[PDB]
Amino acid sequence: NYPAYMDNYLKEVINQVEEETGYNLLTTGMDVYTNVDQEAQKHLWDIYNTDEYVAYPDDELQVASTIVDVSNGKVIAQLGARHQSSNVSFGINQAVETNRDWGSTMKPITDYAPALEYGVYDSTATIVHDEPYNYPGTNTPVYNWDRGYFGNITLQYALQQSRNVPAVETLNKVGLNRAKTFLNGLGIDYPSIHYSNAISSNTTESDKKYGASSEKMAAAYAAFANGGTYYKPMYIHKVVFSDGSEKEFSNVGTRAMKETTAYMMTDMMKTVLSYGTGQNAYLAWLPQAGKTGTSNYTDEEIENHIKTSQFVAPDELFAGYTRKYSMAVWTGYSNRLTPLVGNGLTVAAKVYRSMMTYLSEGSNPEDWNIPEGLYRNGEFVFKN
């Protein structure tokens, strides 16, 4: 027997234990030590299932998120579902499932960071292009949400207003190989990477690790926060077997990107919260950065199943980090064909604010130090 809220976390614990030790912890007696912050976790559960912290439009709107310790890669809270009036043990943990499109939140890790990393761009002020543009190799247009084109704009503003044209084109200038490599270093992969992926975590498999889940996004954005170091998500700290033996799990890092890249990305993403999209996640007293996401429906879907004139979406996403914690939010309905309307779209950002409020208040919120090889200028940062 076990608590209501812990269901999702234990499921991953069991999965991780037998991946590293090869023992289903239900068929073998062993004491296992985890990274779950109980208070934080109960607080997470409280944001989902009350009227205290977030105003929901209805009882079946889903939220799914994962919170990581940026310094070691320890998942401290996870919750893939809200309101579960059918308690069957260890259900489908949506928080690690990848079968939903993370849309624009893929831009930072797939497009601009690698672009900067491999020195395709020199500054957060480099002028990039939002003009009529086509997916390379095809006569298919890359539309923006507003169907318009902002023209000549800076990289920073491009990320902020979240324009699809400069995003896609930037994937083309990085190269598809380089990008697949960069995503791997951030723990994300596709069987096959395509230009569509510059604005979508939409994959062909999702049989395993392919695509993006709140797990893999939290793990990726933590690298932005700590200066470019990816840690594999961890749930377990130590195992003690019946036979007295003990295996401790030390979580080691890998260089995902240069510290200057990690910084430049952070700096731009700061403006997302302040001047642009995720203002519903803005905290005046907390040094944080993020990217919003609003996926869309397919051509088939638009005509046959979705019937409205309004701004609608199957998924709304947020992916923010502070100096200490990384958190990635997914929102939507179990059946994708139920669209997100008006107020439903703010939930992702509001959820993050609420949970980030809790973890940060008390300890002094430290900002990011501008590191060797970068200097400050106007609204932007430049290299050397």
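Throughout, we count residues from 1 along the sequence that is shown.
Trainee: Look up the CA B-factors in the entry and say which stretch, 247-255 or 94-102, has the higher mean.
Mentor: Comparing 94-102 with 247-255, the higher mean C-alpha B-factor belongs to 247-255.
Trainee: Comparing recorded Cα B-factors across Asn184, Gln156, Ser192, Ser86, which one is largest?
Mentor: Of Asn184, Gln156, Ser192, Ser86, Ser86 has the highest C-alpha B-factor.
Trainee: How does the C-alpha B factor of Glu316 compare with the rest of the chain: lowest, middle or highest third?
Mentor: Tercile = lowest for this residue's CA B-factor.
Trainee: If you rank the chain by CA B-factor, which third does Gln62 end up in: lowest, middle or highest?
Mentor: Its C-alpha B-factor, which the entry lists for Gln62, ranks in the middle third among residues of this chain.
Trainee: Among the chain's modelled residues, which third holds the C-alpha B-factor of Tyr358?
Mentor: It falls in the top third of the chain.
Trainee: Taking the C-alpha B-factors as the PDB entry records them, is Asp111 in the lowest, middle or highest third of its chain?
Mentor: Ranked within chain, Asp111 CA B lands in the lowest tercile.
Trainee: Determine, from the deposited record, the chain-internal third of the Cα B-factor for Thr338: lowest, middle or highest.
Mentor: It falls in the middle third of the chain.
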